[PDB]
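Listed below are the residues making up each chain.
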Number of protein chains: 2
Amino acid sequence: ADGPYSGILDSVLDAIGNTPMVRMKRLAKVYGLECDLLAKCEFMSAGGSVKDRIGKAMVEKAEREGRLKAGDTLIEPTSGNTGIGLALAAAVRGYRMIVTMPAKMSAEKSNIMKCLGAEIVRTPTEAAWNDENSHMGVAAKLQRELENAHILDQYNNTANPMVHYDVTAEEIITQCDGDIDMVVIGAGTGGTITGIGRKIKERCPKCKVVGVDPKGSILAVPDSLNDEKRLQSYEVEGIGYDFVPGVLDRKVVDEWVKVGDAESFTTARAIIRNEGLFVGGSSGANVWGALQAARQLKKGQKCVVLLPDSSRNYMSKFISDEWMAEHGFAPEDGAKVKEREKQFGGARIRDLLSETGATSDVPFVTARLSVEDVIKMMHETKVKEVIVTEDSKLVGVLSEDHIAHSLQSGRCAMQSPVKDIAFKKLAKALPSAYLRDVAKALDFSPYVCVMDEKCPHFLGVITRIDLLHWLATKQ
Amino acid sequence: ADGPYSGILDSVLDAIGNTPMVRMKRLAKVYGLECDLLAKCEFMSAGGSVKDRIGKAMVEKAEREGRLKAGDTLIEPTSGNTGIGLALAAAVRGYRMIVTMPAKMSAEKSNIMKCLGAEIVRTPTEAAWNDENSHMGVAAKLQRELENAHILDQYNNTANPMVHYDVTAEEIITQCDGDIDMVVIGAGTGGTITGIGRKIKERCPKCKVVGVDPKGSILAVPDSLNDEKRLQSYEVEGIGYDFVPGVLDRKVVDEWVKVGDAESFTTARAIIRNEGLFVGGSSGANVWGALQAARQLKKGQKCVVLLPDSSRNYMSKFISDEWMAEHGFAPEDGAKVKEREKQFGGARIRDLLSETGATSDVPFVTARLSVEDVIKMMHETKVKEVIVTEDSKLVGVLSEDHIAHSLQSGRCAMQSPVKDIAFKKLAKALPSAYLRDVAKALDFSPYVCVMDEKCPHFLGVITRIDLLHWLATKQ
Ligand SMILES: C=C(NCc1c(COP(=O)(O)O)cnc(C)c1O)C(=O)O
Ligand SMILES: C=C(NCc1c(COP(=O)(O)O)cnc(C)c1O)C(=O)O
């Protein structure tokens, strides 16, 4: 029906939470998991992360205790999501935001908190928690040097675990109808795992609770699990620290799973590909840990996994296959990159142009010929396409179809230069380039034009249907 | 309460829709609008756009008519969001996706549909609808040359308007409780405006319906409104075409508003800043048109505006102030860029270093000194910070605090080189740079080191607290 959203909302703050639970049947079938793998899609909140709840809640606690008045300044150390939540709460309720975040965190978080009118001071990645150049020490310094400033200190404030104990765990219970057998949840601030696991074990003591920790952190128990990469910086953002936060009750969690960067990212891409959940990397870590932990479960039992972040914050980082190749991470089992590498291999455009049959007789024009002259030349040469170029270095491609239709549409004068109607988006290539690379370039450019670049004697233009016909010649 | 999400979902497809309605009280107060400006936050759907509904629905229609079997190929021309929705539906229900989208559309849409296992063929931006190099003609060609392929043709399929007439308009009616005075909604495919306006005028004939069209399209009525930039390419993505789609019933809409790129983008940034809705550019266009149209309304009346897209698809394009400056768009009335330009102006770091007082006596090391030697030098020189550099070109900064804490943490051996513990994230600057630029660079780098680059004689390091103290000297 319609109970929570059947009305109009006073502000975006009331749109936090109420996130659905989806069954990852396809992903379980992919990885061969018998039980029901349920996913709590926290990234569908207003700000696209679970920490929005605690942001709103810490603001509510600061307001119910009268410790907060309009015009004040809020300071908060964060990996990026709590900064977003508190920036939302401030832009709504009229507070000033100052965010401290390590340089390791993505740039999208910074851009978004800048759009939200929040000041951003960054800290070095390698700084330990004891350093005054850590985000927490710098936040303390800003509190000491700024007037009317407040730190909510998500690492030690009780609102962070108490709210996941109050509403989120109750949401999971109400939608799972009490039947929860395993709960896999990342260990960042530790507030969400503490709260959720505490409430669940109170209302379902038979439920196991598994925590996810990236290889590099010291949050796992025992210390035999941390020695993989002790205090080695990792790419996964949001989870793991070099110290135990104040809100983390490591006794409420039963098992611990260490997860590396590669598995986290490849599993995040697998989630996106197989379920269609635009999710973050920490969620890949959580789901990989869940797949490792709930293997022994049987059908009917439900393993609940948290999906903390959206792809929005890592859109440029790991959604782009370029950056994952730069860091050498397995793309996915079934991915477009592996598909292209399988079909093309090292086949270069020389091979395609040779097997197809061309003589590099692509006409050229100085890009300011009148369209009358260029159509006379096109009709005298019988070609359909032409390439326009300048003297100071390419302009683009131009076809007779666009000529006619633009002349009819009133955008192409007879005396106008051909540069005005040519296609200006182009991708330059050279015969040594592989077919996989031109396939990746076709994802962003409609045509791909070749050149020798030794005279500028281009041999032809390449489009996706050309590669499709070439693959039709193969099998 | 909990009616629509109180259970577990079979797949992500069932998480489409059910989007909340938020009152834009702060934005109305910013622009001086008396009535209640309501916003339908369609970007909170599973795939972050309104077109997910029609994607799911066209798949449902193709399945209820038996025209669709597993393993088939789906082809669809789109500006990017329908491609995402149909890619979700295919990755869930086991169909193959091939997407045709103009080169004008953002790269995030391409990356996301690549993650969803969809093939992407792009078309030139300047191509007219009649051209066979248009996305629609290329889609037709692919249908002709591919086996088991289907085109759902969102421009002419009745599912697109019928579903907005069935559920979305009913959602808006149920949450507005029937009282809707004005409805402002962008004109892209025209299906959403047709369906919603038809249902509303059926259930509330006194409601006016206003359509939003970017300057460049020919969808507005009359033709006196299109002559601003006739068929001139524009940056706004999703709305406006060079022809009337089959599903668009231009008679159901009363007024038409033309919106340019600058207003759309600046209003999108204003929405993000003042309400905290991570929204797209087309939504900026819609909200600007609404602010222009509902000006004559009075208190109590409700003007409903659609927010079609999320910032996720335009994260690199217009959220980044760099690209908006590259295209010369007014950032916002209150924005971080204007704030920094107001406080700093053209003040350069030469002025700051001169007024503060320094002698460029920053120590240097060849980045492989033993930490014992570097701490002996640091204690003999009394300085706290040091800059480490190589011979083949900078390594970073290094402080005694991190030295001590890493020696205690077991990451810094006494015989180890200083390069292992130095801070490796840095931003190079030069004295001619303004303070606004170093403030923008501090958004992404913790330290900013200067250099003359004429000997490499750096004068000092700059952090955000340095600029804060400098501004404390000002007013
Ligand atoms: C510590 C912070 N992040 C917690 C977090 C986590 C860990 O969740 P916790 O419940 O806080 O332990 C997982 N994934 C992401 C993307 C996260 O941002 C923060 O935003 O300050
Ligand atoms: C035409 C398409 N976009 C419609 C759209 C619109 C226009 O909505 P329509 O209801 O289709 O007219 C507005 N904003 C965005 C971001 C959109 O994607 C498409 O995805 O194929």
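Everything discussed here concerns the structure shown above.
**Focus on the site of ligand 1**
Residues and elements named next belong to chain A.
Alright, step 1. Neighbouring ligand 1 are 19 residues, the closest being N81, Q154, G188, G190 and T192.
Alright, step 2. The separation between a nitrogen atom of ligand 1 and a polar side-chain atom of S282 is 2.9 Å.
Alright, step 3. Here ligand 1 has 480 Å² of accessible area as a free molecule, and 99% of this is covered by the chains.
Alright, step 4. Tallied by class, the residues present in the shell around ligand 1 amount to five nonpolar, twelve polar and two charged.

**Some words on the environment of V388(B)**
Alright, step 1. Looking at where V388(B) falls in the secondary structure, it is placed in strand 13 (residues 385-389).
Alright, step 2. With residues up to four places along the chain from it excluded, the contact list for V388(B) reads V365(B), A367(B), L394(B), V395(B), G396(B), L398(B), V418(B) and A422(B).

**Remarks on the site of ligand 2**
Residue and element names in this part refer to chain B.
Alright, step 1. What surrounds ligand 2 is a group of 19 residues, the closest being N81, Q154, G188, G190 and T192.
Alright, step 2. For ligand 2, an oxygen atom lies 2.9 Å from a polar atom in the backbone of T82.
Alright, step 3. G188 has a polar backbone atom sitting 2.8 Å from an oxygen atom of ligand 2.
Alright, step 4. Looking at the shell around ligand 2, its residues break down into five nonpolar, twelve polar and two charged.

**Focus: the packing of helix 8 (residues 261-274) of chain A against helix 9 (residues 281-293) of chain A**
Residues and elements named next belong to chain A.
Alright, step 1. One can describe the packing of helix 8 onto helix 9 by two numbers: an axis separation of 7 Å at closest approach and a directional angle of 95°. In terms of axis orientation, helix 8 runs roughly perpendicular to helix 9. Facing helix 8, whose interface residues are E263, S264, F265, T267, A268 and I271, helix 9 presents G281, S283, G284, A285, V287 and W288.
Alright, step 2. Class assignment of the residues belonging to the contact of helix 8 with helix 9 gives a composition of six nonpolar, five polar and one charged.

**Quick word on the interface of chain A and chain B**
Alright, step 1. Taken residue by residue, the interface counts 91 residues in chain A and 91 residues in chain B.
Alright, step 2. When residues in the side of chain A that touches chain B are grouped by element, the largest group, seven residues, is from helix 4 (residues 107-115) of chain A.
Alright, step 3. Residue composition of the side of chain A that touches chain B, by class: 44 nonpolar, 21 polar and 26 charged.
Alright, step 4. Where strand 1 (residues 8-9) of chain A lies against strand 2 (residues 21-23) of chain B, two bridges are found, and the strand directions are parallel. Paired with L9(A) across the two strands is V22(B), which belongs to strand 2 of chain B.

**Comments concerning the packing of helix 6 (residues 159-176) of chain B against helix 7 (residues 191-203) of chain B**
All names here are of chain B.
Alright, step 1. Remark: helix 6 packs on helix 7, axes separated minimally by 7 Å, with the N-to-C direction vectors making an angle of 50°. As summarised for this structure, helix 6 and helix 7 are arranged oblique, according to the angle between their axes. For the element pair helix 6 and helix 7, the recorded crossing hand is right-handed. Contact residues: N160, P161, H164, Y165, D166, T168, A169, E170, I172 and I173 in helix 6; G191, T192, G195, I196, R198, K199, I200, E202 and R203 in helix 7.
Alright, step 2. Split by residue class, the contact of helix 6 with helix 7 holds seven nonpolar, six polar and six charged.

**Quick notes on the sheet that holds strand 5 (residues 96-102) of chain B**
All names here are of chain B.
Alright, step 1. Read from one edge of the open sheet, four strands run 6-5-4-7, paired in parallel fashion. Since the sheet does not close on itself, it has two edges, and those belong to strand 6 (118-123) and strand 7 (149-151), each with one partner. Taken over all neighbouring pairs, the strand axes of this sheet differ in orientation by 20° on average, direction set aside.

Conventions we followed
- Residues numbered from 1 in each chain as written, not as in the entry; some residues may be left out.
- Chains lettered and ligands numbered in written order.
- Heavy atoms only, no water.
- Residues with missing side-chain atoms left out of burial classes, pairs and counts.
- Near = heavy atom within 4 Å.
- Polar contact = N/O pair within 3.5 Å; in protein donor to acceptor, adjacent residues only side chain to side chain.
- Areas by Shrake-Rupley, 256 points an atom, 1.4 Å probe, with all protein chains shown as cover.
- Nonpolar A, V, L, I, M, F, W, Y, C, P; charged D, E, K, R; others polar.
- Helix = DSSP H or I, 4+ residues; strand = E, 2+ residues; numbered from the N terminus.
- Contact = heavy atoms within 4.5 Å.
- Axes fitted to C-alpha atoms, helices over the stretch in contact; angles between N-to-C directions.
- Parallel < 35°, antiparallel > 145°, perpendicular 65-115°, else oblique.
- Pairing = 2+ DSSP bridges.
- Left-handed = near helix turned anticlockwise from the far one by under 90°.

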